[PDB]
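The structure under discussion appears below in the form of structure tokens.
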Amino acid sequence: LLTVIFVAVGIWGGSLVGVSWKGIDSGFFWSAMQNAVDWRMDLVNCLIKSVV
Amino acid sequence: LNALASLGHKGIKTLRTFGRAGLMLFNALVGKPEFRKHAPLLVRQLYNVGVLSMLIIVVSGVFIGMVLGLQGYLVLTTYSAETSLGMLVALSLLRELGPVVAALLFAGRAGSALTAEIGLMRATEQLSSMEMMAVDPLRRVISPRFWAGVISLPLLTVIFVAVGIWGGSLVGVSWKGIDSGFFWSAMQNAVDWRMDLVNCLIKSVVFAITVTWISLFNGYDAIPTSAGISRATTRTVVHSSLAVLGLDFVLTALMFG
Amino acid sequence: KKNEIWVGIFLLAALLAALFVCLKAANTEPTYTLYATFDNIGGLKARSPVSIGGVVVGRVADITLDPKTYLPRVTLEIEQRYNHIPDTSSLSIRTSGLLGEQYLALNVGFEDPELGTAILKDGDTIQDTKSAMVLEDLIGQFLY
Amino acid sequence: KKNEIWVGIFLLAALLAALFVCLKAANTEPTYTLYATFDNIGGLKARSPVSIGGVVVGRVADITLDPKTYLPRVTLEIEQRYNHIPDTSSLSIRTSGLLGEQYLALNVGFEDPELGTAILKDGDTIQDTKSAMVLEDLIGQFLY
Amino acid sequence: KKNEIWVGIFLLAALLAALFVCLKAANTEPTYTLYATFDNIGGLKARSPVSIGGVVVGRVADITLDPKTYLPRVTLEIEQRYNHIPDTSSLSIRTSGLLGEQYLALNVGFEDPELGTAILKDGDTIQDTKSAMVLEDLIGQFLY
Amino acid sequence: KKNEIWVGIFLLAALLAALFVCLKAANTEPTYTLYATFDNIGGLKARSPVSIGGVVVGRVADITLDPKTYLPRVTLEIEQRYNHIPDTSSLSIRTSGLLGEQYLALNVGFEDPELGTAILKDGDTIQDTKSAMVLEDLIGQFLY
């Protein structure tokens with residue numbers, strides 16, 4: 001529960017400086033991120049590295 | 001409000017510690033630039049903070065290069081560019097992880113254990129008896145330790161990047177089937193000297209000024225009982241760890257803005 | 001009673017963060033397979049577009065040669081709601097350019113025989129191959 | 001104390017100063033949908049440019065097959081100030097390069113019929129199609 | 001202790017003065033406006049290089065079709081010290097690559113008339129459009 | 001005595017590591033300049049290979065236009081030992097492929113005139129250019 005708060009507030013700050021300040025459309029940024037990562041070997045895989 | 005007066009004590013209190021940090025350090029590096037005494041005195045301190053901190057850097061340095069060479073190998077193959085590995089881990093180490101991770105572990109080993117030796121030396125009143133010896137300890141015991149940091153950590157980074165980049169050249173070249181002459185070749189024309197190579201030092205040498213100062217200050221105003229000193233050690237690790245990332249975000253804005 | 005409050009915020013702050021990262025990173029259907037034996041499959045990997053007329057309706061989740069007859073035995077992923085496709089079918093490999101994916105763009109008619117309409121579903125081996133593109137040798141011989 | 005609230009609100013005013021500078025930095029538009037049946041959209045993904053003569057006028061959203069006639073129905077995103085466009089239009093998919101983005105570049109014309117002009121606003125399904133070019137078939141029949 | 005009350009505020013002043021320098025050079029000169037009517041801007045995005053002889057002289061900051069004549073009206077950003085340019089010019093889009101950026105590289109010469117040298121500043125609408133890069137009509141031309 | 005040795009190991013091991021990053025991981029020649037006024041440099045960035053017959057002999061250390069005559073003046077980077085260049089030369093920009101890198105491939109010979117052999121070193125200006133290499137000719141010569 002310390003990692004899932006870390007990745008979320010980590011990825012929100014990444015969405016600031018690229019989108020807002022360095023002139024990128026907001027709807028385009030999440031769009032490449034939507035089909036980027038899967039659940040089975042990425043999303044639960046973050047927990048397996050963290051819980052061990 | 002009744003609760004806003006509890007903040008009125010803190011807003012004065014937390015600023016007076018900043019006044020103590022400047023006033024201690026300013027007295028530490030002024031007057032009598034003696035070199036006959038300090039030159040054997042300082043070199044014993046580099047055995048404390050340089051040699052004992054050397055082993056943890058290299059055995060962790062091979063693990064970062066082997067991971068980035070492994071994880072980076074998937075991202076290049078999905079974009080079908082083998083040669084980019086040499087200009088990736090060289091790029092990533094020499095400007096991002098080199099100054100940031102080595103300063104973290106230096107705050108880990110040498111950052112904490114320096115603060116323990118200071119507060120213990122006031123706890124048994126070796127400090128308070130040295131004033132009866134009429135020797136000012138801030139030039140005598142602090143400044144041998146303070147220069148022992150800022151000289152060390154640049155030499156702790158250049159050993160880190162080198163053994164880091166050597167392990168990166170193992171798993172990509174040898175194990176994951178890439179020609180050896182091709183790997184260094186993309187790395188040769190990859191990075192320049194003026195805004196990359198000296199730039200690694202600028203990020204590292206400004207970290208050593210903060211971490212050594214933030215460590216040796218917490219030993220100087222800690223509560224000398226055995227409870228307050230270990231509280232001060234875990235206050236040193238958490239305060240340096242914000243200051244390394246509180247500086248690096250600023251120091252990555254100027255170089256790449 | 002101060003400590004019981006902050007943990008309740010923390011597990012909520014853990015839950016608020018968890019739902020946000022899950023919805024952003026994670027944005028399925030039961031199907032049947034259909035066997036297909038070809039003559040050329042070169043350039044087509046797995047999960048390539050399986051399309052009727054041009055719009056993708058399926059996936060190739062097989063990729064494997066039948067190791068007794070040396071006919072390339074390919075099974076597709078046609079959606080389970082497809083129960084009215086007759087036997088009149090022609091399987092053709094298209095590229096959508098000179099290099100798109102060299103995907104599958106098959107053709108199916110509605111031409112009914114005088115012996116009942118046989119259906120293609122749940123493990124049928126459709127037989128009208130393309131003997132697909134020989135594209136390098138096609139460019140080579142025309143260029144002479 | 002007197003030094004408390006005068007400094008604490010000073011840390012609060014600057015907290016809302018840059019936060020108001022955070023939202024005001026980098027500053028969506030109500031539109032209407034336009035349904036479109038096609039023949040080939042392979043390569044045209046979501047949020048691809050819609051352009052009238054080249055200038056981008058909207059985005060391609062909503063991409064899914066109409067699962068009863070198997071003609072690809074896609075609704076577009078056209079702004080509500082577009083209220084004087086006659087029915088005469090061709091719907092072409094261009095690329096602007098050999099592999100640029102495969103964006104929709106539809107044609108318009110002000111050819112007024114003598115039976116009245118039909119307006120294209122708020123859900124007018126178009127019936128005109130490019131049948132987007134298959135470059136495999138272009139060079140293929142060019143050499144036999 | 002009256003010291004970092006004085007000194008430490010300058011230390012946070014020394015970083016913000018260092019911070020204000022670098023972000024200023026991370027995102028500047030009084031210019032004038034020059035309108036331009038085109039027919040087609042395919043990959044011509046905002047902030048594209050407006051170049052004279054290849055050397056960039058301005059940016060595009062206005063990309064809003066004039067919705068009454070349906071010619072793409074684009075206002076350029078030509079600096080205020082550009083006061084010696086005669087009216088003989090041509091407006092063309094090159095790319096610097098097969099797909100580089102699709103940038104405006106407008107040509108200009110000193111072909112002075114015998115009626116007087118017209119100037120281009122503070123809001124002139126040049127009418128010398130190119131209408132060249134479509135790359136789909138040209139591949140359609142040869143096949144015929 | 002045990003600590004005075006181990007510090008010397010620590011200081012020496014940082015010295016071998018210091019060479020390893022600058023000699024193996026990152027690695028030039030004093031030259032003379034040569035002026036060259038062109039007519040089209042669209043696509044040629046600095047440090048592009050300045051070559052004789054294709055073999056590189058220099059790099060571009062000048063992308064600037066002189067702001068008085070509007071002929072792009074580049075100063076070349078030709079090495080000091082090049083001492084027997086006759087003035088007979090032609091200057092042309094090539095590409096090394098369809099889109100390789102837009103490099104300068106200048107022509108030279110040994111064609112001695114009967115008025116001496118004028119040398120080309122230490123800042124001469126060559127009066128030759130090749131403003132034809134554009135991405136607009138091939139779309140105007142394959143079709144007109």
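Numbering starts fresh at 1 for the residues of each chain in the structure tokens, the chains themselves are lettered A, B, ... in the order given, and ligands are numbered from 1 as they appear.
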
Exercise for the section: Kindly provide, as a ChimeraX atom specification, the residues of chain E having any atom no farther than 12 Å from an atom of chain D, counting only C-alpha atoms. Expected result: /E:37-46,63-74,95,97-102,131-144

Exercise for the section: Can you check which residues of chain C have any atom within 6 Å of chain A? Use only C-alpha atoms and format it as a VMD selection string. Expected result: chain C and resid 14 17 25 27

May I have the selected residues written with N, CA, C and O atoms, as a JSON list (two decimals), in the first residue's frame?
[["chain", "number", "residue", "atom", "x", "y", "z"],
["C", 14, "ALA", "N", -4.99, 4.64, -0.19],
["C", 14, "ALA", "CA", -4.52, 3.50, -0.96],
["C", 14, "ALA", "C", -5.57, 3.08, -1.98],
["C", 14, "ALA", "O", -5.23, 2.66, -3.09],
["C", 17, "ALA", "N", -5.96, 5.69, -4.92],
["C", 17, "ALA", "CA", -4.83, 5.58, -5.83],
["C", 17, "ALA", "C", -4.92, 4.29, -6.64],
["C", 17, "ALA", "O", -4.46, 4.24, -7.79],
["C", 25, "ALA", "N", -4.61, 2.05, -16.75],
["C", 25, "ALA", "CA", -3.76, 1.05, -17.39],
["C", 25, "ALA", "C", -4.58, -0.10, -17.97],
["C", 25, "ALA", "O", -4.14, -0.74, -18.93],
["C", 27, "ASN", "N", -7.72, 0.13, -19.41],
["C", 27, "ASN", "CA", -8.77, 0.71, -20.25],
["C", 27, "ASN", "C", -9.96, 1.22, -19.44],
["C", 27, "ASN", "O", -10.94, 0.51, -19.25]]

Problem - Distance criterion (only C-alpha atoms): nearest to chain B out of F:18, F:126, F:108, F:5 - result: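 Of F:18, F:126, F:108, F:5, the one nearest chain B is F:18, counting only C-alpha atoms.
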
Write out as a short mmCIF file (atom, residue, chain, number, x, y, z; two decimals) with C-alpha atoms, in the first residue's frame every residue belonging to chain B that has an atom at most 7 Å from any atom of chain E, counting only C-alpha atoms.
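What ended up in iface_33.cif:
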data_model
loop_
_atom_site.label_atom_id
_atom_site.label_comp_id
_atom_site.auth_asym_id
_atom_site.auth_seq_id
_atom_site.Cartn_x
_atom_site.Cartn_y
_atom_site.Cartn_z
CA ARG B 16 16.06 28.64 14.63
CA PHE B 18 18.30 26.72 10.26
CA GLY B 19 20.01 29.53 12.14
CA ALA B 253 15.88 21.87 -14.85
CA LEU B 254 18.92 24.06 -15.51
CA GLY B 257 15.89 23.54 -19.89
#

With chain B as the partner and 12 Å as the cut-off, tabulate the residues of chain A that qualify, each row holding the nearest pair of atoms and their distance in Å to one decimal, using only C-alpha atoms, sorted by chain and rising number, as a tab-separated table.
residue	atom	partner	partner_atom	distance
A:13	CA	B:249	CA	11.9
A:17	CA	B:253	CA	11.2
A:21	CA	B:257	CA	11.8
A:22	CA	B:257	CA	10.8

Practice task
Using backbone DSSP assignments, extract all alpha helix (DSSP H) residues from chain A; output them as a ChimeraX atom specification.
Solution key: /A:4-15,26-34,44-51

Spatial neighbours of residue 125 (chain D), max dist 10 Å, only C-alpha atoms, sep filter under 5 positions, as a PDB file with N, CA, C and O atoms, in the first residue's frame:
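Ended up saving to around-v3.pdb:
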ATOM      1  N   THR D  33     -22.190  14.571 -33.819  1.00  0.00           N
ATOM      2  CA  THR D  33     -21.707  13.339 -34.420  1.00  0.00           C
ATOM      3  C   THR D  33     -22.139  13.253 -35.878  1.00  0.00           C
ATOM      4  O   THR D  33     -23.158  13.821 -36.278  1.00  0.00           O
ATOM      5  N   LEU D  34     -21.348  12.536 -36.673  1.00  0.00           N
ATOM      6  CA  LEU D  34     -21.680  12.284 -38.069  1.00  0.00           C
ATOM      7  C   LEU D  34     -21.341  10.845 -38.422  1.00  0.00           C
ATOM      8  O   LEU D  34     -20.174  10.521 -38.657  1.00  0.00           O
ATOM      9  N   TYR D  35     -22.372  10.003 -38.470  1.00  0.00           N
ATOM     10  CA  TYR D  35     -22.272   8.592 -38.814  1.00  0.00           C
ATOM     11  C   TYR D  35     -21.738   8.428 -40.233  1.00  0.00           C
ATOM     12  O   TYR D  35     -21.984   9.264 -41.107  1.00  0.00           O
ATOM     13  N   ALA D  36     -21.017   7.332 -40.463  1.00  0.00           N
ATOM     14  CA  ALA D  36     -20.404   7.104 -41.770  1.00  0.00           C
ATOM     15  C   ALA D  36     -20.186   5.616 -41.988  1.00  0.00           C
ATOM     16  O   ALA D  36     -19.455   4.981 -41.223  1.00  0.00           O
ATOM     17  N   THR D  37     -20.798   5.070 -43.038  1.00  0.00           N
ATOM     18  CA  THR D  37     -20.551   3.700 -43.474  1.00  0.00           C
ATOM     19  C   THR D  37     -19.432   3.696 -44.511  1.00  0.00           C
ATOM     20  O   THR D  37     -19.349   4.599 -45.351  1.00  0.00           O
ATOM     21  N   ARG D  73     -19.591   1.366 -39.390  1.00  0.00           N
ATOM     22  CA  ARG D  73     -20.252   2.624 -39.051  1.00  0.00           C
ATOM     23  C   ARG D  73     -19.370   3.344 -38.040  1.00  0.00           C
ATOM     24  O   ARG D  73     -19.122   2.839 -36.943  1.00  0.00           O
ATOM     25  N   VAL D  74     -18.901   4.530 -38.408  1.00  0.00           N
ATOM     26  CA  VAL D  74     -18.096   5.370 -37.531  1.00  0.00           C
ATOM     27  C   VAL D  74     -18.715   6.760 -37.492  1.00  0.00           C
ATOM     28  O   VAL D  74     -18.948   7.371 -38.542  1.00  0.00           O
ATOM     29  N   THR D  75     -18.992   7.253 -36.287  1.00  0.00           N
ATOM     30  CA  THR D  75     -19.443   8.623 -36.090  1.00  0.00           C
ATOM     31  C   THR D  75     -18.242   9.526 -35.857  1.00  0.00           C
ATOM     32  O   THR D  75     -17.308   9.155 -35.138  1.00  0.00           O
ATOM     33  N   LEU D  76     -18.273  10.707 -36.466  1.00  0.00           N
ATOM     34  CA  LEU D  76     -17.190  11.671 -36.396  1.00  0.00           C
ATOM     35  C   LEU D  76     -17.486  12.717 -35.323  1.00  0.00           C
ATOM     36  O   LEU D  76     -18.410  12.582 -34.518  1.00  0.00           O
ATOM     37  N   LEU D 120     -26.209  18.920 -43.550  1.00  0.00           N
ATOM     38  CA  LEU D 120     -25.403  17.882 -42.917  1.00  0.00           C
ATOM     39  C   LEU D 120     -25.070  18.348 -41.503  1.00  0.00           C
ATOM     40  O   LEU D 120     -24.022  18.958 -41.273  1.00  0.00           O
TER      41      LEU D 120
END

Practice task
Would you list the contacts of region 202-215 of chain B as a VMD selection string, taking every protein, DNA or RNA residue within 9 Å and counting only C-alpha atoms, but skipping same-chain residues closer than 5 positions in sequence?
Solution key: chain B and resid 21 25 95 98 to 100 102 to 103 106 to 107 110 to 115 145 to 154 157 233 236 to 237 239 to 241 243 to 244 247 to 248 251 to 252

File of the preceding selection, N, CA and C atoms, as a CSV table (one decimal), in the first residue's frame:
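Output file selection06.csv follows:
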chain,number,residue,atom,x,y,z
B,21,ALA,N,22.3,25.9,11.9
B,21,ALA,CA,23.0,25.1,10.9
B,21,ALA,C,24.0,26.0,10.2
B,25,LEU,N,28.3,25.9,10.9
B,25,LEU,CA,29.1,25.7,9.7
B,25,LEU,C,30.0,26.9,9.4
B,95,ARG,N,23.7,10.7,-16.3
B,95,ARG,CA,23.0,12.0,-16.1
B,95,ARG,C,21.8,11.8,-15.2
B,98,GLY,N,23.4,7.9,-11.9
B,98,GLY,CA,24.7,8.1,-11.3
B,98,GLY,C,24.8,9.0,-10.2
B,99,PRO,N,24.3,10.3,-10.4
B,99,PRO,CA,24.3,11.2,-9.2
B,99,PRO,C,23.2,11.0,-8.2
B,100,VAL,N,22.1,10.3,-8.6
B,100,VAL,CA,21.0,10.2,-7.7
B,100,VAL,C,21.0,9.0,-6.8
B,102,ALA,N,23.8,7.0,-6.2
B,102,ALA,CA,25.0,6.9,-5.4
B,102,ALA,C,25.0,7.9,-4.2
B,103,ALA,N,24.3,9.0,-4.4
B,103,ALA,CA,24.1,9.9,-3.2
B,103,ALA,C,23.1,9.4,-2.2
B,106,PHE,N,25.1,6.8,-0.3
B,106,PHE,CA,26.1,7.5,0.5
B,106,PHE,C,25.4,8.2,1.7
B,107,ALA,N,24.1,8.6,1.6
B,107,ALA,CA,23.3,9.0,2.7
B,107,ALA,C,23.0,7.9,3.6
B,110,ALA,N,27.3,6.3,4.8
B,110,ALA,CA,28.2,7.4,5.4
B,110,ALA,C,27.4,8.5,5.9
B,111,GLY,N,26.2,8.7,5.4
B,111,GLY,CA,25.3,9.8,5.9
B,111,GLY,C,24.9,9.6,7.4
B,112,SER,N,24.5,8.4,7.7
B,112,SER,CA,24.0,8.1,9.0
B,112,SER,C,25.1,7.9,10.0
B,113,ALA,N,26.0,7.0,9.7
B,113,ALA,CA,27.0,6.6,10.7
B,113,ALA,C,28.0,7.8,11.1
B,114,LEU,N,28.0,8.8,10.3
B,114,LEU,CA,28.8,10.0,10.7
B,114,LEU,C,28.0,10.7,11.8
B,115,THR,N,26.7,10.8,11.7
B,115,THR,CA,25.9,11.5,12.7
B,115,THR,C,26.0,10.7,14.0
B,145,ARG,N,35.9,16.2,9.2
B,145,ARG,CA,34.9,15.4,8.7
B,145,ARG,C,34.1,16.0,7.5
B,146,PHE,N,34.0,17.3,7.5
B,146,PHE,CA,33.2,17.9,6.5
B,146,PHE,C,33.9,17.9,5.2
B,147,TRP,N,35.2,18.2,5.2
B,147,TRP,CA,36.0,18.1,3.9
B,147,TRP,C,36.2,16.6,3.5
B,148,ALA,N,36.0,15.7,4.5
B,148,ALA,CA,36.1,14.3,4.2
B,148,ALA,C,34.9,13.8,3.3
B,149,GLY,N,33.8,14.5,3.4
B,149,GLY,CA,32.7,14.2,2.6
B,149,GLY,C,32.7,14.7,1.1
B,150,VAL,N,32.9,16.0,1.0
B,150,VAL,CA,32.8,16.6,-0.3
B,150,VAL,C,34.0,16.3,-1.2
B,151,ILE,N,35.1,15.8,-0.7
B,151,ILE,CA,36.1,15.2,-1.5
B,151,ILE,C,35.8,13.8,-1.9
B,152,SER,N,35.1,13.1,-1.0
B,152,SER,CA,34.8,11.7,-1.2
B,152,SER,C,33.8,11.4,-2.3
B,153,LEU,N,32.6,12.0,-2.2
B,153,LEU,CA,31.5,11.6,-3.0
B,153,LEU,C,31.6,11.8,-4.5
B,154,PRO,N,32.3,12.9,-5.1
B,154,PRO,CA,32.7,12.8,-6.5
B,154,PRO,C,33.6,11.7,-6.9
B,157,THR,N,31.3,8.7,-7.1
B,157,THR,CA,30.4,8.6,-8.2
B,157,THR,C,31.1,8.1,-9.4
B,233,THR,N,19.4,9.9,14.1
B,233,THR,CA,19.9,9.1,12.9
B,233,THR,C,18.9,8.9,11.9
B,236,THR,N,18.1,11.9,10.1
B,236,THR,CA,19.1,12.3,9.1
B,236,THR,C,18.9,11.7,7.7
B,237,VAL,N,18.5,10.4,7.8
B,237,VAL,CA,18.3,9.7,6.5
B,237,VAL,C,17.0,10.2,5.8
B,239,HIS,N,15.8,13.2,6.0
B,239,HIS,CA,16.0,14.6,5.6
B,239,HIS,C,16.9,14.8,4.4
B,240,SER,N,17.9,13.9,4.4
B,240,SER,CA,18.8,13.9,3.2
B,240,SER,C,18.1,13.4,2.0
B,241,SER,N,17.2,12.4,2.2
B,241,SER,CA,16.5,11.8,1.1
B,241,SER,C,15.5,12.7,0.4
B,243,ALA,N,16.2,16.0,0.4
B,243,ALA,CA,17.1,17.1,-0.1
B,243,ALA,C,17.8,16.6,-1.4
B,244,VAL,N,18.1,15.3,-1.5
B,244,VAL,CA,18.7,14.9,-2.8
B,244,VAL,C,17.7,14.9,-3.9
B,247,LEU,N,16.8,18.7,-4.7
B,247,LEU,CA,17.8,19.4,-5.4
B,247,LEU,C,17.9,18.9,-6.9
B,248,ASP,N,17.7,17.6,-7.1
B,248,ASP,CA,17.9,17.0,-8.4
B,248,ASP,C,16.9,17.5,-9.4
B,251,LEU,N,18.2,20.8,-10.2
B,251,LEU,CA,19.4,20.6,-11.0
B,251,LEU,C,19.3,19.9,-12.3
B,252,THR,N,18.1,19.2,-12.6
B,252,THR,CA,17.8,18.8,-13.9
B,252,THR,C,17.0,19.8,-14.7

Exercise for the section: Counting only C-alpha atoms, figure out which residue out of E:80, E:88, E:109, E:9 gets nearest to residue 123 (chain E). Expected result: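 Result for the nearest residue to residue 123 (chain E): E:80.
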